[PDB]
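Novice: First, the structure itself, so that you have it in front of you.
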Ligand SMILES: C[C@H]1CNCCN1S(=O)(=O)c1cccc2cnccc12
């Protein structure tokens with residue numbers, strides 16, 4: 001066989017220990033899920049420094065906590081805008097997930113609160129910026145470098161999927177790099193807790209699984225497809241399926257054909273062919289052996305999964321950090337005021353926040 | 001080349017989700 005007695009017993013024990021870890025993690029999650037924390041700070045506890053990120057959601061600002069001096073990333077949502085964009089449920093869900101999960105590669109919600117006009121999620125400040133920027137600058141990541149990040153996503157999805165959370169928003173734009181070079185996952189608006197199938201068309205064209213494009217009911221295997229896209233893009237510098245317009249991208253995604261740079265190792269191509277598998281009955285992460293087909297793949301043979309989880313692996317890349325509050329790994333945005341009305345807006349909608 | 005095709009796609013920048 002492929003393993004002698006010692007290696008087989010070690011692997012089996014390791015896989016059993018994962019089960020035990022996840023069983024405890026689920027119990028911890030469900031307690032916080034069922035009784036969420038609320039209203040753990042207020043706006044005047046913080047000085048607003050600089051906008052780090054923007055979007056239809058609102059903005060994320062670097063803030064400094066006045067008492068402690070600690071920096072945080074404060075996501076600010078306009079309650080009236082959220083309502084108008086039909087994002088009430090997504091916004092409530094994002095905060096509910098964030099305050100309930102606990103994993104070393106998931107960003108921590110340190111405080112949350114609301115006022116008459118806005119919702120505030122105060123997260124730890126992840127100073128290295130988006131993987132996207134580093135990827136586009138460096139061009140592509142070496143396979144060891146890509147693997148180090150991929151291993152963190154594998155473990156994070158193993159954790160999330162055990163909680164019946166589908167993530168659905170994986171892409172380099174949505175992965176931040178912390179001061180030790182490890183990943184932080186931040187955005188959970190598209191995540192959904194469902195045991196079975198779900199049907200919403202959501203995500204980013206290059207990262208959509210075929211069963212999403214084809215308007216099928218789908219399950220957590222769409223996250224393993226997206227992992228294949230991410231690994232490919234990290235190692236190539238461009239994604240496996242691209243075109244001028246999304247419709248052309250979808251045609252390629254559903255076609256069942258993918259092509260690889262000549263510098264991809266055979267192990268990497270084999271992994272990617274099994275993650276970027278249009279046939280759900282054959283896709284790694286969706287088989288009887290579950291996540292083990294991925295973790296035990298040859299491309300991950302050098303990965304010490306426990307050492308990754310414990311953050312004892314030396315990262316291949318440490319972003320520049322000229323001290324706390326440093327924002328040099330983020331873009332510059334036009335700074336708007338934070339208006340708080342004398343009149344509460346959309347109160348009932350956001351009771352649970 | 002594939003790289004050139006990627007540059008030509010116009011989709012080298014940050015990509016929005018479908019709902020945006
Ligand atoms: C564009 C938005 C939402 N998508 C993920 C990245 N970000 S963000 O960079 O502002 C961003 C979002 C959430 C937490 C953060 C922590 N530290 C720094 C930045 C953070």
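The first residue you see is number 1, and the count goes up from there.
The deposited model was determined using X-ray crystallography, 1.6 Å.
Backbone N, Cα and C atoms are what each Cβ position is placed from, and that goes for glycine too.
According to Swiss-Prot, the feature N-myristoyl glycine maps to A:4. Residues or ranges marked as deamidated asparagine in Swiss-Prot (evidence: similarity to another entry): A:5. The phosphoserine annotation in Swiss-Prot covers A:13, A:142, A:341. Summarising the annotation, Swiss-Prot assigns domain 'Protein kinase' to A:46-300. Positions annotated as phosphothreonine by Swiss-Prot: A:51, A:198, A:200. Taken from Swiss-Prot, the feature ATP binding site covers A:52-60, A:75, A:124-130, A:171-174, and the record attributes it to sequence analysis. Under the heading active site, proton acceptor, Swiss-Prot lists A:169, citing sequence analysis as support. Annotated domain 'AGC-kinase C-terminal' per Swiss-Prot: A:301-353, in sequence order, evidence recorded as sequence analysis. According to Swiss-Prot, the phosphotyrosine annotation covers A:333.
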Novice: Three states by DSSP: which one describes residue A:58 (ATP binding site)?
Specialist: strand
Novice: Round to a whole number and give the Cα-to-Cα distance in Å for the pair residue A:55 (ATP binding site) and residue A:341 (phosphoserine).
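Specialist: So the Cα of residue A:341 (phosphoserine) lies 22 Å away from that of residue A:55 (ATP binding site).
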Novice: Please tell me which one of the recorded positions listed here (A:4, A:5, A:333) sits closest to residue A:13 (phosphoserine), measuring Cα to Cα?
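Specialist: Minimum Cα distance from residue A:13 (phosphoserine) across A:4, A:5, A:333 lands on A:5.
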Novice: Rounded to a whole number, how many Å is the Cα of residue A:75 (ATP binding site) away from the Cα of residue A:200 (phosphothreonine)?
Specialist: 25
Novice: When the Cα of residue A:341 (phosphoserine) is compared with the Cα of each of the recorded positions A:5, A:169, A:172, which one is closest?
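Specialist: Closest recorded candidate to residue A:341 (phosphoserine) by Cα: A:169.
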Novice: Applying an 8 Å Cβ threshold (strictly under) against chain B, tell me which of the recorded positions A:4, A:333, A:341 fall inside, in sequence order.
Specialist: none
Novice: Sort out the sequence-distant neighbours of residue A:52 (ATP binding site) for me: same chain, 6+ apart, CB within less than 8 Å of its CB, listed by position.
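Specialist: In sequence order, the residues whose Cβ lies under 8 Å from that of residue A:52 (ATP binding site) (at least 6 apart) are A:59, A:60, A:61, A:62, A:73, A:327, A:330, A:333.
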Novice: Which secondary structure state does DSSP assign to residue A:341 (phosphoserine), in the simple three-class scheme?
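Specialist: Assignment for residue A:341 (phosphoserine) reads coil.
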Novice: Radius 10 Å, atoms counted are CB only; among the modified residues A:13, A:142, A:198, A:200, A:341, which position scores highest?
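Specialist: In terms of Cβ crowding, the pick is A:198.
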